[PDB]
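Visitor:
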Amino acid sequence: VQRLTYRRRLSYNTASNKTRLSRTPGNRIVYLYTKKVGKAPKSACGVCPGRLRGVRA
Amino acid sequence: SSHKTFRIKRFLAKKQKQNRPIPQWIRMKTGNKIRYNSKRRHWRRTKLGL
Amino acid sequence: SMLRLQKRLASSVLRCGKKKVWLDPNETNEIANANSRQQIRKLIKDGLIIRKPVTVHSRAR
Amino acid sequence: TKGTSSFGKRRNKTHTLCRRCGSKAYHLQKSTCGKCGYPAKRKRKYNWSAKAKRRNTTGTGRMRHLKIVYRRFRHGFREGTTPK
Amino acid sequence: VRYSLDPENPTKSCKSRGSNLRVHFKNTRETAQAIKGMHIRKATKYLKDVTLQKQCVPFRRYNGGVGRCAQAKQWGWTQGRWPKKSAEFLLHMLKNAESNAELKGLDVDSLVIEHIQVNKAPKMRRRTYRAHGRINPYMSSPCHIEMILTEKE
Amino acid sequence: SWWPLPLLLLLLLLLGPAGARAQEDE
Amino acid sequence: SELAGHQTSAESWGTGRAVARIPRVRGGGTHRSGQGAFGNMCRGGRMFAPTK
RNA sequence: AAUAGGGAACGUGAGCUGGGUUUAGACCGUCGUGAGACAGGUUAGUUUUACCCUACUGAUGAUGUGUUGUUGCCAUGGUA
RNA sequence: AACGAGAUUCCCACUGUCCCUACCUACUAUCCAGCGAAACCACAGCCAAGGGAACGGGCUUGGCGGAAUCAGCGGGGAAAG
RNA sequence: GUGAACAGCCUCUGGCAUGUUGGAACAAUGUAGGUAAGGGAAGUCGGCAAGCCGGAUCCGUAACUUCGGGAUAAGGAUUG
RNA sequence: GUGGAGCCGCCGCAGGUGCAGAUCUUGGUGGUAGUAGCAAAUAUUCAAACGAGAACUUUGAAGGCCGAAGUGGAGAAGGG
RNA sequence: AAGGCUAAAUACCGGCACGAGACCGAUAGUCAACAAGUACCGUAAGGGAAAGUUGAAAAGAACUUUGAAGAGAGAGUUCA
Ligand SMILES: O=C(c1ccc(-n2nnc3cccnc32)cc1)N(c1ncccc1Cl)[C@@H]1CCCNC1
Ligand SMILES: [Mg+2]
Ligand SMILES: [Mg+2]
Ligand SMILES: [Zn+2]
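Chains A, B, C, D, E, F and G, in that order, give the protein sequences.
In terms of full-length UniProt numbering, the first sequence opens at residue 2 and continues consecutively.
In terms of full-length UniProt numbering, the second sequence opens at residue 2 and continues consecutively.
In terms of full-length UniProt numbering, the third sequence opens at residue 2 and continues consecutively.
In terms of full-length UniProt numbering, the fourth sequence opens at residue 2 and continues consecutively.
In terms of full-length UniProt numbering, the fifth sequence opens at residue 2 and continues consecutively.
In terms of full-length UniProt numbering, the sixth sequence opens at residue 9 and continues consecutively.
In terms of full-length UniProt numbering, the seventh sequence opens at residue 55 and continues consecutively.
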């Protein structure tokens, strides 16, 4: 019910302006700009995808 | 435009300072005939064009 | 007797629209002395600008 | 759809102001100028319009350094300063 | 300033004038003709009843398409209209007329409006907006008015 | 006592003459 | 006058539009925008027999 | 009862309708090397203004009988 | 065959398209307060016949002709563009 | 909220003074919207415009076909 | 009559020497004319206030519409 | 001859200055006698105006009066 707007001066939903939204301690549902999703390293030498483990994606 | 290069808002700052009337003392000098500023720009009738 | 500045600023300190704000046409020149917001917050506590709450939209039917 | 409904899509500029003549004639897509023809070394003037020289010949502006060469001439360009 | 037909007896006659004021000219011409030769405290009570639509004003020369009304028959005419701005500027001037008559020491309840003429002022301009991208002008027509007030005695 | 302003030339754009061409097949 | 009135780019309007066939100046904007250009008839015009 | 012939700028478009004509699209036939053409056939195709004068339909009226009202006369016009 | 704001014919159903128009409402138009343009315009604007550039408003011979105007009208002004 | 729906329609949050003016009256012509007995294209170049049918469930669905279609063909019923 | 600083006869000379028309150029003004018009998106009403002045400004009360693909909230471009 | 220089006599609608005119005298003369290649138009090349005068001296109307003011009516300056 509480319509909420962008906070940065890019008014599109492009590849880098995509978010989540959270509620502050001042209980206004605000609009929070998130990082993109990391991807883990895939193995060398032609094995199936699904990336490595042990490392921080 | 809200995203203006610095050459523009030192071009706009000249065209704001001159949109301003004659002072009333200069219509009392010896030998003038200007009585109102005729280079006054109003922002709807006549636009700068950049 | 222009009250439109006081109508805007009270609606920016009640966190409401222009519709909701402001009862009490008695003290009307008195609130025309209130220009800063730290006079317009004293008038709420004194009871001269109230919230005038929401039109009821009962779902009982 | 030819006239006033299609003057609504005049939203983006083409000619901005040049740096050598200051004309609003610098064509951004071509990066040259309309009056002076900016990045070429000379100054674009033409004899097929005798008014377009009258706007920009010598003697239309300030002449910060020819109001003195005209003045310095009539004494033979001295360097010894003055008596006292 | 200078009037037309400066009055026959300047000792006992008041005068008044207003210039470059924005009324319509045609609505002012044909109401200054209705009171031309009217006693002042009857004309004052007249021009109230013009604005209240209780007593009309006939249009005589300037009546192109002006509709008909029933209060014109007091004047012997078949046309009329009730201009409550035209008859409200020169209602104000009768106040200006009687202000100069008491300053010259005259009984203001004994004056008539001897002379009155309405003539045109320089028309001020603006513009309208017509079909196919043309401009056609709005122009006003302000008026000059002028009255001499003489008693009959 | 404001100074005089505007009153610029109209400079109206030319439009089309005689509307529809019409004419006679004859 | 060395060259009076010809220092102006103008032409006849040509077609109808209920105007005389005198050359008219071009453009828009200013007052002198559609007026009658050169010719002995017109205001601001080259005189007949510009004297030599 | 009879389904007579006409005229009024081949009455009548600031009254309409746009079917056929009579622009630009297009197809077919014939002719032309060709562009194109054809009282040859076909489908698709922007119809502007009246607020001016007169005419006319109505509506107030003006003259003169001192002023105002009531009841009437009929010149002329139409006419089924 | 399917398809088409494609072109043509006919039927069933439906209806003011018609017989034959009628009534109602809305925004107007109309009257009023305030503001108030334009196109157009030799002079202007009553007809019949004759003559004439062979189809007059004006001339000729007749008919005749009372101020000022309001709402409508499309006959004319071989109207205006 | 209804409903299949971000359709349409009524409302809350949030807007707004009805779009460059107001008042009186309810003539014609108009512009936009409705109805109408009996007949049902007779109108008209042409069913132009308008109207009828229109949602769902359960039945029923032909000629023809490139076997995909046709098809929601048509044609009935039911609904609170 | 207005007006306040120049001007004319005769003899010669020299012309950018005379306007009613050019759908003439430029400036000015009329008849038209207080006329066409100020009619797309439903709609305003009462009192109080400041005011010389209130249908239109503000305030309140009431009746309204936009009705979450808004007559709402924020932007990019453009405007300065 | 297939190599070279060189003063005067000559040309000058750009400029820096000048002088004069059987010139034009604010719709003329340049486009410009004045804040003119300025206002303003066009995306841009480019197109591009209208516009002189109070008086000797501003002595440019203090003041009284009706109006909220625009504006008056008295008074005052000056030869007007
Ligand atoms: O607006 C016009 C329009 C109407 C008349 C004129 N004319 N004709 N002669 C004239 C003389 C002076 C002035 N104007 C004139 C010009 C244009 N339209 C239009 N109508 C019919 C034919 C051509 C057109 Cl373009 C549109 C078209 C689409 C539907 N709505 C109307
Ligand atoms: Mg009888
Ligand atoms: Mg002049
Ligand atoms: Zn440049």
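Quick reminder that beta carbons are idealized off the backbone N, C-alpha and C, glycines included.
Give me the Cα-Cα distance between D:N48 and D:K54, rounded to the nearest whole angstrom.
Guide: Numbered from its first residue, the fourth sequence carries residue 48 of chain D at position 47. Numbered from its first residue, the fourth sequence carries residue 54 of chain D at position 53. In a straight line, the C-alpha of D:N48 is about 8 Å away from that of D:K54.
Visitor: Here's a check: name, in chain order, each residue in its chain whose Cβ is nearer than 7 Å to the Cβ of D:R72, leaving out the five neighbours to either side.
Guide: As a working note, residue 72 of chain D is residue 71 in the fourth sequence. Result list for D:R72: empty, nothing under 7 Å.
Visitor: Given a threshold of 16 other Cβ atoms within 10 Å of its Cβ, counted over all protein chains shown, does C:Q7 qualify as buried or as exposed?
Guide: As a working note, residue 7 of chain C is residue 6 in the third sequence. With 16 or more other Cβ atoms within 10 Å, it is buried.
Visitor: For C:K19, which three-state DSSP category applies?
Guide: Translated into positions along the third sequence, residue 19 of chain C becomes position 18. Three-state DSSP puts C:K19 in coil, outside helix and strand.
Visitor: Take the Cβ of E:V24 as the centre, count every other Cβ of all protein chains shown within 10 Å, and call the residue buried at 16 or more, exposed below.
Guide: Looking up residue 24 of chain E in the fifth sequence gives position 23. Per the 10 Å Cβ criterion, buried.
Visitor: Closer than 6 Å between the C-beta and any heavy atom of ligand 4: which residues qualify, listed along the chain?
Guide: This selection yields D:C19, D:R21, D:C22, D:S24, D:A26, D:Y27, D:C34, D:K36, D:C37 and D:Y39.
Visitor: Quick one: give me the first and last residue of the alpha helix (DSSP H) that E:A88 is part of.
Guide: The residue given as residue 88 of chain E occupies position 87 in the fifth sequence. Where E:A88 is concerned, the enclosing alpha helix (DSSP H) stretches over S87 to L104.
Visitor: For the alpha helix (DSSP H) that contains E:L48, what are its first and last residues?
Guide: Translated into the one-based positions of the fifth sequence, residue 48 of chain E becomes position 47. Element bounds for E:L48: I41 to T52.
Visitor: Check whether the Cβ atoms of F:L19 and G:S87 lie closer than 8 Å to each other.
Guide: Within the sixth sequence, the letter at position 11 stands for residue 19 of chain F. Within the seventh sequence, the letter at position 33 stands for residue 87 of chain G. Contact flag set, yes.
Visitor: Kindly confirm or deny that the segment 112-121 of chain E and the segment 137-151 of chain E touch, where touching means at least three C-beta pairs closer than 8 Å.
Guide: In short, these stretches touch, since the Cβ pair count reaches three.
Visitor: Find out if the Cβ-Cβ distance for the pair A:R52, A:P42 is shorter than 8 Å.
Guide: Start at 1 with the first residue of the first sequence, and residue 52 of chain A comes out as number 51. Start at 1 with the first residue of the first sequence, and residue 42 of chain A comes out as number 41. It is a contact, given that the beta carbons lie within the stated cut-off.
Visitor: Is there contact here, the segment 54-63 of chain E with the segment 29-43 of chain E, by at least three beta-carbon pairs under 8 Å?
Guide: With the cut-off at 8 Å, the segment 54-63 of chain E and the segment 29-43 of chain E touch.
Visitor: Is the beta carbon of E:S17 less than 8 Å from the beta carbon of E:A88?
Guide: Sequence index remark: in the fifth sequence, residue 17 of chain E carries index 16 (1-based). Sequence index remark: in the fifth sequence, residue 88 of chain E carries index 87 (1-based). No, the pair does not count as a contact, with Cβ atoms beyond the cut-off.
Visitor: Of all the CB atoms in chain F, is at least one closer than 8 Å to the CB of B:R8?
Guide: Mapped onto the second sequence, residue 8 of chain B falls at position 7. Answer no: the Cβ-Cβ gap between B:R8 and chain F never drops below 8 Å.
Visitor: For a test of the three-state rule: what should DSSP assign to D:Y71, helix, strand or coil?
Guide: Counted from its first residue, the fourth sequence places residue 71 of chain D at position 70. D:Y71 falls in the helix class under three-state DSSP.
Visitor: So, does the CB of F:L16 fall closer than 8 Å to a CB anywhere in chain E?
Guide: Start at 1 with the first residue of the sixth sequence, and residue 16 of chain F comes out as number 8. By this cut-off, F:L16 is not an interface position.
Visitor: Taking 6 Å as the limit between beta carbons, can you name the residues of its chain near D:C22, skipping five residues before and five after?
Guide: Numbered from 1 along the fourth sequence, position 21 holds the residue referred to as residue 22 of chain D. Excluding sequence neighbours, D:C22 sits near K36 and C37.
Visitor: Would DSSP call G:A64 helix, strand or coil?
Guide: For the purposes of this step, residue 64 of chain G is identified with residue 10 of the seventh sequence, where counting begins at 1. Correct three-state label for G:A64: strand.
Visitor: Starting from the C-beta of E:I36, find all residues in its chain whose C-beta is less than 6 Å away, skip the five residues before and the five after it, and write them out in chain order.
Guide: Position 35 of the fifth sequence, counting from 1, holds the residue named residue 36 of chain E. Only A44 and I114 meet the Cβ criterion.
Visitor: What whole-angstrom Cβ distance do E:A102 and E:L150 have, given they're in contact under 8 Å?
Guide: The sequence position of residue 102 of chain E within the fifth sequence is 101, counting from 1. The sequence position of residue 150 of chain E within the fifth sequence is 149, counting from 1. The pair is a contact, with the Cβ atoms about 6 Å apart (cut-off 8 Å).
Visitor: Do you know how far the Cα of E:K96 is from the Cα of G:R78?
Guide: Reading the seventh sequence from its first residue, position 24 is the one you call residue 78 of chain G. Reading the fifth sequence from its first residue, position 95 is the one you call residue 96 of chain E. Their backbone Cα atoms lie some 57 Å apart in a straight line.
Visitor: Kindly list the residues whose CB is nearer than 7 Å to the CB of E:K153, restricted to its own chain and excluding five residues on each side of it in sequence; keep chain order.
Guide: Position 152 of the fifth sequence holds residue 153 of chain E. So the qualifying residues of the chain are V113.
Visitor: Please report how far the alpha carbon of A:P50 lies from the alpha carbon of D:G4, in whole angstroms.
Guide: Working through the first sequence from its first residue, we reach residue 50 of chain A at position 49. Working through the fourth sequence from its first residue, we reach residue 4 of chain D at position 3. Distance between the alpha carbons of A:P50 and D:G4: 57 Å.
Visitor: To which residues of the same chain is E:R131 closer than 6 Å at the C-beta, ignoring the five residues directly before and after it?
Guide: Numbered from its first residue, the fifth sequence carries residue 131 of chain E at position 130. Counting only Cβ-Cβ distances below 6 Å, and skipping sequence neighbours, we find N137.
Visitor: Give me the residue from G:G90, G:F92 and G:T84 with the minimum Cα distance to B:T47.
Guide: Taking the first residue of the second sequence as position 1, residue 47 of chain B is located at position 46. Cα-wise, what sits closest to B:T47 is G:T84.
Visitor: Taking C-beta pairs closer than 9 Å, name the residues in chain B that F:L13 reaches, listed in chain order.
Guide: For the purposes of this step, residue 13 of chain F is identified with residue 5 of the sixth sequence, where counting begins at 1. Near F:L13 (Cβ distances below 9 Å), the residues of chain B are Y37, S39, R41, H43 and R46.
Visitor: Buried or exposed for E:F26, going by 16 or more other Cβ atoms inside 10 Å?
Guide: Translated into positions along the fifth sequence, residue 26 of chain E becomes position 25. Looking at its Cβ environment, which holds 16 or more other Cβ atoms inside 10 Å, E:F26 is buried.
Visitor: So E:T151 is in the beta strand (DSSP E); what residue range does that whole segment cover?
Guide: Position 150 of the fifth sequence, counted from the start, is the residue given in the question as residue 151 of chain E. Looking at the DSSP string, the run of the beta strand (DSSP E) that includes E:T151 is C144 to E152.
Visitor: B:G50 CB to nearest chain D CB: under 8 Å?
Guide: Here residue 50 of chain B corresponds to residue number 49 of the second sequence, with the count starting at 1. Output row for B:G50: interface = yes.
Visitor: How close, in whole Å, do the beta carbons of B:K40 and B:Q17 come, if the pair is a contact with beta carbons under 8 Å?
Guide: Numbered from its first residue, the second sequence carries residue 40 of chain B at position 39. Numbered from its first residue, the second sequence carries residue 17 of chain B at position 16. No, B:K40 and B:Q17 are not in contact; Cβ-Cβ is about 13 Å, not under 8 Å.
Visitor: Taking a Cβ distance cut-off of 9 Å, strictly less, list which residues of the segment 74-105 of chain G are near chain F, in chain order.
Guide: Answer in chain order: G81, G82, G83, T84, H85, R86, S87 and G88.
Visitor: Is there at least one Cβ from chain F nearer than 8 Å to G:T69's Cβ?
Guide: For the purposes of this step, residue 69 of chain G is taken as the residue at position 15 of the seventh sequence. So, interface residue.
Visitor: Cβ of F:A30 less than 8 Å from any chain G Cβ?
Guide: Here residue 30 of chain F is taken as the residue at index 22 of the sixth sequence, counted from 1. No, its Cβ sits nowhere closer than 8 Å to a Cβ of chain G.
Visitor: Curious, which full-length alpha helix (DSSP H) runs of at least 4 residues does the segment 23-58 of chain D contain?
Guide: As far as the segment 23-58 of chain D is concerned, its whole alpha helix (DSSP H) runs of at least 4 residues are 52-55.
Visitor: Report the neighbours of E:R135 on chain F: residues whose CB is nearer than 8 Å to its CB, in chain order.
Guide: Along the fifth sequence, one-based indexing puts residue 135 of chain E at 134. The contacting residues are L20.
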